[PDB]
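query_26.tsv follows; it contains TSV, C-alpha atoms.
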```tsv
chain	number	residue	atom	x	y	z
V	1	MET	CA	6.04	10.21	-13.42
V	2	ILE	CA	4.18	12.24	-10.80
V	3	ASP	CA	5.71	14.25	-7.96
V	4	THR	CA	3.68	13.00	-5.00
V	5	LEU	CA	0.67	12.39	-7.24
V	6	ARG	CA	-0.09	15.97	-8.30
V	7	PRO	CA	-2.17	15.51	-11.53
V	8	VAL	CA	-5.88	14.66	-11.63
V	9	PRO	CA	-6.29	11.41	-13.68
V	10	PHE	CA	-4.64	8.12	-12.72
V	11	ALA	CA	-1.39	8.25	-10.80
V	12	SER	CA	-3.04	11.13	-8.95
V	13	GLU	CA	-6.21	9.76	-7.37
V	14	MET	CA	-4.76	8.20	-4.22
V	15	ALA	CA	-5.51	10.10	-1.01
V	16	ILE	CA	-5.85	7.99	2.12
V	17	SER	CA	-6.71	4.58	0.65
V	18	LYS	CA	-7.91	4.43	-2.93
V	19	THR	CA	-5.63	2.17	-4.96
V	20	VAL	CA	-2.13	1.76	-6.40
V	21	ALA	CA	-1.01	3.52	-9.59
V	22	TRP	CA	1.99	5.35	-11.05
V	23	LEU	CA	2.29	4.46	-14.72
V	24	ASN	CA	4.23	1.47	-16.01
V	25	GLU	CA	7.26	3.53	-15.01
V	26	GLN	CA	6.85	2.97	-11.28
V	27	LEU	CA	5.13	-0.40	-11.66
V	28	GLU	CA	8.31	-1.43	-13.50
V	29	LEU	CA	10.84	0.40	-11.31
V	30	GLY	CA	10.46	-1.62	-8.12
V	31	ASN	CA	13.90	-0.79	-6.77
V	32	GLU	CA	14.54	2.52	-5.03
V	33	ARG	CA	11.75	4.64	-6.50
V	34	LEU	CA	8.94	3.66	-4.11
V	35	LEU	CA	8.01	1.63	-1.03
V	36	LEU	CA	4.89	-0.54	-0.77
V	37	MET	CA	3.58	-2.47	2.23
V	38	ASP	CA	2.10	-5.94	1.80
V	39	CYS	CA	2.76	-9.62	2.55
V	40	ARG	CA	5.78	-10.82	4.55
V	41	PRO	CA	6.66	-14.50	3.80
V	42	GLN	CA	7.64	-14.23	0.13
V	43	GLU	CA	8.52	-10.54	0.53
V	44	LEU	CA	10.70	-11.01	-2.55
V	45	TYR	CA	8.09	-12.50	-4.87
V	46	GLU	CA	5.13	-10.62	-3.41
V	47	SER	CA	7.25	-7.49	-3.79
V	48	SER	CA	7.64	-8.46	-7.44
V	49	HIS	CA	3.87	-8.12	-7.75
V	50	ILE	CA	4.59	-4.41	-7.25
V	51	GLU	CA	7.60	-2.06	-6.91
V	52	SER	CA	9.15	-2.68	-3.49
V	53	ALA	CA	6.71	-4.21	-1.02
V	54	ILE	CA	7.45	-4.16	2.70
V	55	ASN	CA	7.33	-6.99	5.23
V	56	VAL	CA	3.98	-6.17	6.83
V	57	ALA	CA	2.55	-8.10	9.78
V	58	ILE	CA	-0.90	-9.46	8.96
V	59	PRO	CA	-2.75	-12.69	9.93
V	60	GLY	CA	-2.58	-14.58	6.65
V	61	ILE	CA	-1.37	-11.82	4.37
V	62	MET	CA	-4.77	-10.16	4.60
V	63	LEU	CA	-6.29	-13.48	3.62
V	64	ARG	CA	-3.43	-13.76	1.10
V	65	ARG	CA	-5.45	-11.67	-1.36
V	66	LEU	CA	-6.29	-7.98	-1.26
V	67	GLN	CA	-9.95	-8.83	-1.43
V	68	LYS	CA	-12.10	-8.51	1.68
V	69	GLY	CA	-11.89	-5.15	3.37
V	70	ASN	CA	-12.21	-6.41	6.93
V	71	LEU	CA	-8.74	-7.11	8.44
V	72	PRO	CA	-8.52	-5.75	12.04
V	73	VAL	CA	-7.56	-2.13	12.72
V	74	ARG	CA	-3.82	-1.50	12.37
V	75	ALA	CA	-3.84	-5.11	11.18
V	76	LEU	CA	-0.38	-4.53	9.73
V	77	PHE	CA	1.61	-1.73	11.32
V	78	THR	CA	1.60	-1.21	15.09
V	79	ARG	CA	3.67	-4.32	15.79
V	80	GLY	CA	7.35	-3.76	15.06
V	81	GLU	CA	8.68	-5.60	12.01
V	82	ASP	CA	6.43	-3.47	9.80
V	83	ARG	CA	7.87	-0.12	10.88
V	84	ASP	CA	11.26	-1.84	10.70
V	85	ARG	CA	11.38	-2.47	6.95
V	86	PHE	CA	9.52	0.79	6.26
V	87	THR	CA	11.67	3.12	8.36
V	88	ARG	CA	14.55	1.16	6.82
V	89	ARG	CA	13.48	1.81	3.23
V	90	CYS	CA	11.63	5.03	4.03
V	91	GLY	CA	12.24	8.17	1.99
V	92	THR	CA	12.50	6.34	-1.33
V	93	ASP	CA	9.78	8.26	-3.15
V	94	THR	CA	6.24	7.18	-2.27
V	95	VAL	CA	4.72	4.87	0.34
V	96	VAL	CA	1.57	2.81	-0.26
V	97	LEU	CA	-0.10	0.07	1.80
V	98	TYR	CA	-2.66	-2.63	0.96
V	99	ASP	CA	-5.03	-2.58	3.94
V	100	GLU	CA	-8.01	-2.28	1.55
V	101	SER	CA	-11.37	-0.60	2.08
V	102	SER	CA	-12.56	-0.84	5.68
V	103	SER	CA	-9.78	-2.77	7.41
V	104	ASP	CA	-6.83	-1.00	9.04
V	105	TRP	CA	-8.60	2.37	8.82
V	106	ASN	CA	-12.21	1.13	9.15
V	107	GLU	CA	-13.16	3.39	6.24
V	108	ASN	CA	-13.10	6.88	7.74
V	109	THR	CA	-11.35	9.13	5.22
V	110	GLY	CA	-11.62	11.83	7.86
V	111	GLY	CA	-8.86	11.39	10.41
V	112	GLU	CA	-9.38	8.54	12.86
V	113	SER	CA	-7.00	7.83	15.75
V	114	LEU	CA	-5.22	4.54	15.04
V	115	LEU	CA	-4.49	4.67	11.31
V	116	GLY	CA	-5.13	8.39	11.54
V	117	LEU	CA	-1.89	8.84	13.45
V	118	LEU	CA	-0.11	6.10	11.51
V	119	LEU	CA	-0.72	7.93	8.24
V	120	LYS	CA	-0.23	11.40	9.73
V	121	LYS	CA	3.21	10.25	10.88
V	122	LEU	CA	4.05	8.63	7.54
V	123	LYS	CA	3.27	11.94	5.84
V	124	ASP	CA	4.77	14.12	8.57
V	125	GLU	CA	8.21	12.68	7.81
V	126	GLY	CA	7.64	13.76	4.22
V	127	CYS	CA	5.37	11.50	2.18
V	128	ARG	CA	1.87	11.11	0.75
V	129	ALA	CA	1.10	7.67	2.17
V	130	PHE	CA	-1.96	6.07	0.56
V	131	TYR	CA	-3.43	2.57	0.71
V	132	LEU	CA	-5.65	0.50	-1.55
V	133	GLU	CA	-9.42	0.07	-1.38
V	134	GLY	CA	-11.51	-0.32	-4.51
V	135	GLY	CA	-13.36	2.88	-5.33
V	136	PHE	CA	-15.09	3.40	-8.66
V	137	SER	CA	-14.11	1.59	-11.85
V	138	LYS	CA	-10.96	3.74	-11.71
V	139	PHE	CA	-9.26	2.78	-8.43
V	140	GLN	CA	-10.48	-0.80	-8.86
V	141	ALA	CA	-9.31	-0.85	-12.48
V	142	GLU	CA	-5.81	-0.21	-11.16
V	143	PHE	CA	-5.71	-2.68	-8.27
V	144	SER	CA	-9.13	-4.27	-8.22
V	145	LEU	CA	-9.95	-7.27	-6.06
V	146	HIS	CA	-6.49	-8.88	-6.17
V	147	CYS	CA	-3.15	-7.03	-5.91
V	148	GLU	CA	-0.99	-10.18	-6.00
V	149	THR	CA	1.36	-12.20	-8.21
V	150	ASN	CA	3.08	-14.92	-6.18
V	151	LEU	CA	0.22	-15.27	-3.71
V	152	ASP	CA	-2.84	-15.73	-5.92
V	153	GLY	CA	-1.70	-15.12	-9.48
V	154	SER	CA	-4.50	-15.83	-11.95
```
Do you think you could lay out the structure here as structure tokens?
Amino acid sequence: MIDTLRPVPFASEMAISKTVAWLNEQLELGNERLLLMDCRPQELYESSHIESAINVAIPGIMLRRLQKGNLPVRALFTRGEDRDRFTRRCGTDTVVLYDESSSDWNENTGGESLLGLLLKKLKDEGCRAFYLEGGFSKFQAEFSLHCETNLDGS
């Protein structure tokens, strides 16, 4: 495993919004070793797609497929329920969202205001906080255009 993604290769290339990785270890864990943020309806199944997904508030689950990079700013966060499940299961190990490239953060990687404060707060409490996106064959190789199991499947 990696302590807050310290290495260089995979499981250590997630800054603000690159992708989702953490060896089969984490990908298998999905209990009390991490805290994702995606979907809402089938929070159970969709969570299965990853470790422990959170009930995020999006329009149609980000088009029910992490493949678009467009969803409105703070599309899934500044609402209520989102922070509810998170703050509830916060402090597990690592927090990761699936807003994708250019969506909830608009693709800034610098320190915007909306998501800029949302992330800053998520890390302030004591976390790395990183979302998905689709950069290079690496980040996309991990969670390319998809990131789903009971929403899109194959």
Just checking: using only C-alpha atoms, which residue out of V:113, V:151, V:90, V:96 ends up closest to residue 125 of chain V?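 Among the listed residues, V:90 lies closest to residue 125 of chain V.
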Considering all atoms listed in the file, state which residue in the set V:149, V:101, V:55, V:94 is at the smallest distance from residue 79 of chain V.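 The closest residue to residue 79 of chain V is V:55.
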query = For residue 37 of chain V, which of V:52, V:92, V:70, V:109 is the closest residue, counting all atoms listed in the file?
reply =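 Answer, going by the shortest atom-to-atom distance: V:52.
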For residue 76 of chain V, please output as a VMD selection string all residues within 9 Å (counting all atoms listed in the file; exclusion window: fewer than 4 positions along the same chain). chain V and resid 37 to 38 56 to 59 62 71 to 72 82 99 104
Please report, as CSV, each residue of segment 1-108 of chain V lying at most 12 Å from segment 130-143 of chain V, together with the nearest pair of atoms and the separation in Å rounded to one decimal; use all atoms listed in the file, and order rows by chain and ascending residue number.
```
residue,atom,partner,partner_atom,distance
V:4,CA,V:130,CA,10.5
V:5,CA,V:130,CA,10.4
V:9,CA,V:138,CA,9.2
V:10,CA,V:138,CA,7.8
V:11,CA,V:142,CA,9.6
V:12,CA,V:139,CA,10.4
V:13,CA,V:139,CA,7.7
V:14,CA,V:130,CA,5.9
V:15,CA,V:130,CA,5.6
V:16,CA,V:130,CA,4.6
V:17,CA,V:131,CA,3.8
V:18,CA,V:132,CA,4.7
V:19,CA,V:132,CA,3.8
V:20,CA,V:143,CA,6.0
V:21,CA,V:142,CA,6.3
V:22,CA,V:142,CA,9.6
V:23,CA,V:142,CA,10.0
V:24,CA,V:142,CA,11.3
V:27,CA,V:142,CA,11.0
V:35,CA,V:130,CA,11.0
V:36,CA,V:131,CA,9.0
V:37,CA,V:131,CA,8.8
V:38,CA,V:131,CA,10.2
V:49,CA,V:143,CA,11.0
V:50,CA,V:143,CA,10.5
V:65,CA,V:143,CA,11.3
V:66,CA,V:132,CA,8.5
V:67,CA,V:133,CA,8.9
V:68,CA,V:133,CA,9.5
V:69,CA,V:133,CA,7.5
V:70,CA,V:133,CA,10.9
V:76,CA,V:131,CA,11.9
V:94,CA,V:130,CA,8.7
V:95,CA,V:130,CA,6.8
V:96,CA,V:130,CA,4.9
V:97,CA,V:131,CA,4.3
V:98,CA,V:132,CA,5.0
V:99,CA,V:131,CA,6.3
V:100,CA,V:133,CA,4.0
V:101,CA,V:133,CA,4.0
V:102,CA,V:133,CA,7.8
V:103,CA,V:133,CA,9.2
V:104,CA,V:131,CA,9.7
V:105,CA,V:131,CA,9.6
V:106,CA,V:133,CA,10.9
V:107,CA,V:133,CA,9.1
V:108,CA,V:133,CA,12.0
```
### Atom pair atom CA of residue 78 of chain V / atom CA of residue 64 of chain V: separation (Å)
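If I compute the distance from atom CA of residue 78 of chain V to atom CA of residue 64 of chain V, I get 19.5 Å.
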>> Using Å and a single decimal, report how far atom CA of residue 80 of chain V sits from atom CA of residue 122 of chain V.
In response: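 It comes out at 14.9 Å.
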Atom pair atom CA of residue 29 of chain V + atom CA of residue 61 of chain V, distance 23.3 Å
Restricting the calculation to all atoms listed in the file, which member of V:75, V:3, V:91, V:148 is positioned closest to residue 115 of chain V?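 Answer, going by the shortest atom-to-atom distance: V:75.
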If I wrap all listed atoms of segment 122-136 of chain V in a box with edges along x, y and z and add 8 Å on each side, what are its centre and edge lengths in Å to one decimal, as AutoDock Vina command-line options?
```
--center_x -3.4 --center_y 6.9 --center_z 0.0 --size_x 39.3 --size_y 30.4 --size_z 33.2
```
One residue among V:128, V:83, V:74, V:120 is nearest to residue 34 of chain V when using all atoms listed in the file, and that residue is V:128
Judged by all atoms listed in the file, the minimum distance to residue 32 of chain V among V:63, V:93, V:53, V:86 is found for V:93
Complete the atom set of segment 21-46 of chain V to N, CA and C atoms and return it as a PDB file, keeping the file's coordinate frame.
```pdb
ATOM      1  N   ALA V  21      -1.300   3.161  -8.202  1.00  0.00           N
ATOM      2  CA  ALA V  21      -1.010   3.520  -9.590  1.00  0.00           C
ATOM      3  C   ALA V  21       0.172   4.473  -9.673  1.00  0.00           C
ATOM      4  N   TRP V  22       0.824   4.490 -10.830  1.00  0.00           N
ATOM      5  CA  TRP V  22       1.990   5.350 -11.050  1.00  0.00           C
ATOM      6  C   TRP V  22       2.648   5.024 -12.383  1.00  0.00           C
ATOM      7  N   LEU V  23       1.813   4.778 -13.387  1.00  0.00           N
ATOM      8  CA  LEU V  23       2.290   4.460 -14.720  1.00  0.00           C
ATOM      9  C   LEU V  23       3.211   3.245 -14.712  1.00  0.00           C
ATOM     10  N   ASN V  24       3.355   2.620 -15.874  1.00  0.00           N
ATOM     11  CA  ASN V  24       4.230   1.470 -16.010  1.00  0.00           C
ATOM     12  C   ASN V  24       5.628   1.799 -15.497  1.00  0.00           C
ATOM     13  N   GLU V  25       5.963   3.088 -15.496  1.00  0.00           N
ATOM     14  CA  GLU V  25       7.260   3.530 -15.010  1.00  0.00           C
ATOM     15  C   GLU V  25       7.514   2.994 -13.609  1.00  0.00           C
ATOM     16  N   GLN V  26       6.699   3.424 -12.650  1.00  0.00           N
ATOM     17  CA  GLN V  26       6.850   2.970 -11.280  1.00  0.00           C
ATOM     18  C   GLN V  26       6.614   1.468 -11.175  1.00  0.00           C
ATOM     19  N   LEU V  27       5.480   1.014 -11.702  1.00  0.00           N
ATOM     20  CA  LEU V  27       5.130  -0.400 -11.660  1.00  0.00           C
ATOM     21  C   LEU V  27       6.299  -1.272 -12.131  1.00  0.00           C
ATOM     22  N   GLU V  28       7.149  -0.706 -12.981  1.00  0.00           N
ATOM     23  CA  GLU V  28       8.310  -1.430 -13.500  1.00  0.00           C
ATOM     24  C   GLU V  28       9.525  -1.210 -12.610  1.00  0.00           C
ATOM     25  N   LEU V  29       9.719   0.035 -12.176  1.00  0.00           N
ATOM     26  CA  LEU V  29      10.840   0.400 -11.310  1.00  0.00           C
ATOM     27  C   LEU V  29      11.096  -0.667 -10.247  1.00  0.00           C
ATOM     28  N   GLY V  30      10.310  -0.636  -9.176  1.00  0.00           N
ATOM     29  CA  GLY V  30      10.460  -1.620  -8.120  1.00  0.00           C
ATOM     30  C   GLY V  30      11.896  -1.809  -7.684  1.00  0.00           C
ATOM     31  N   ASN V  31      12.521  -0.732  -7.227  1.00  0.00           N
ATOM     32  CA  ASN V  31      13.900  -0.790  -6.770  1.00  0.00           C
ATOM     33  C   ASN V  31      14.132   0.205  -5.638  1.00  0.00           C
ATOM     34  N   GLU V  32      14.332   1.464  -6.006  1.00  0.00           N
ATOM     35  CA  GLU V  32      14.540   2.520  -5.030  1.00  0.00           C
ATOM     36  C   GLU V  32      13.756   3.767  -5.430  1.00  0.00           C
ATOM     37  N   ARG V  33      12.596   3.547  -6.039  1.00  0.00           N
ATOM     38  CA  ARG V  33      11.750   4.640  -6.500  1.00  0.00           C
ATOM     39  C   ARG V  33      10.389   4.647  -5.802  1.00  0.00           C
ATOM     40  N   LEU V  34      10.191   3.728  -4.856  1.00  0.00           N
ATOM     41  CA  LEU V  34       8.940   3.660  -4.110  1.00  0.00           C
ATOM     42  C   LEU V  34       9.035   2.616  -2.998  1.00  0.00           C
ATOM     43  N   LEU V  35       8.012   2.556  -2.150  1.00  0.00           N
ATOM     44  CA  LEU V  35       8.010   1.630  -1.030  1.00  0.00           C
ATOM     45  C   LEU V  35       6.596   1.197  -0.654  1.00  0.00           C
ATOM     46  N   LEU V  36       6.217  -0.006  -1.074  1.00  0.00           N
ATOM     47  CA  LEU V  36       4.890  -0.540  -0.770  1.00  0.00           C
ATOM     48  C   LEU V  36       4.885  -1.270   0.565  1.00  0.00           C
ATOM     49  N   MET V  37       3.710  -1.720   0.988  1.00  0.00           N
ATOM     50  CA  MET V  37       3.580  -2.470   2.230  1.00  0.00           C
ATOM     51  C   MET V  37       2.531  -3.563   2.089  1.00  0.00           C
ATOM     52  N   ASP V  38       2.996  -4.806   1.960  1.00  0.00           N
ATOM     53  CA  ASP V  38       2.100  -5.940   1.800  1.00  0.00           C
ATOM     54  C   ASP V  38       2.849  -7.268   1.901  1.00  0.00           C
ATOM     55  N   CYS V  39       2.171  -8.290   2.425  1.00  0.00           N
ATOM     56  CA  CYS V  39       2.760  -9.620   2.550  1.00  0.00           C
ATOM     57  C   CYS V  39       3.839  -9.657   3.634  1.00  0.00           C
ATOM     58  N   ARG V  40       4.705 -10.669   3.574  1.00  0.00           N
ATOM     59  CA  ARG V  40       5.780 -10.820   4.550  1.00  0.00           C
ATOM     60  C   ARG V  40       6.614 -12.076   4.263  1.00  0.00           C
ATOM     61  N   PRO V  41       5.960 -13.235   4.056  1.00  0.00           N
ATOM     62  CA  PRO V  41       6.660 -14.500   3.800  1.00  0.00           C
ATOM     63  C   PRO V  41       7.538 -14.447   2.551  1.00  0.00           C
ATOM     64  N   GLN V  42       6.910 -14.298   1.387  1.00  0.00           N
ATOM     65  CA  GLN V  42       7.640 -14.230   0.130  1.00  0.00           C
ATOM     66  C   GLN V  42       7.886 -12.778  -0.263  1.00  0.00           C
ATOM     67  N   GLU V  43       8.260 -11.970   0.728  1.00  0.00           N
ATOM     68  CA  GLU V  43       8.520 -10.540   0.530  1.00  0.00           C
ATOM     69  C   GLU V  43       9.180 -10.250  -0.815  1.00  0.00           C
ATOM     70  N   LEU V  44      10.004 -11.181  -1.283  1.00  0.00           N
ATOM     71  CA  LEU V  44      10.700 -11.010  -2.550  1.00  0.00           C
ATOM     72  C   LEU V  44       9.729 -11.122  -3.721  1.00  0.00           C
ATOM     73  N   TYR V  45       9.052 -12.259  -3.807  1.00  0.00           N
ATOM     74  CA  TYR V  45       8.090 -12.500  -4.870  1.00  0.00           C
ATOM     75  C   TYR V  45       6.912 -11.535  -4.775  1.00  0.00           C
ATOM     76  N   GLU V  46       6.258 -11.515  -3.616  1.00  0.00           N
ATOM     77  CA  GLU V  46       5.130 -10.620  -3.410  1.00  0.00           C
ATOM     78  C   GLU V  46       5.514  -9.191  -3.764  1.00  0.00           C
TER      79      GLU V  46
END
```
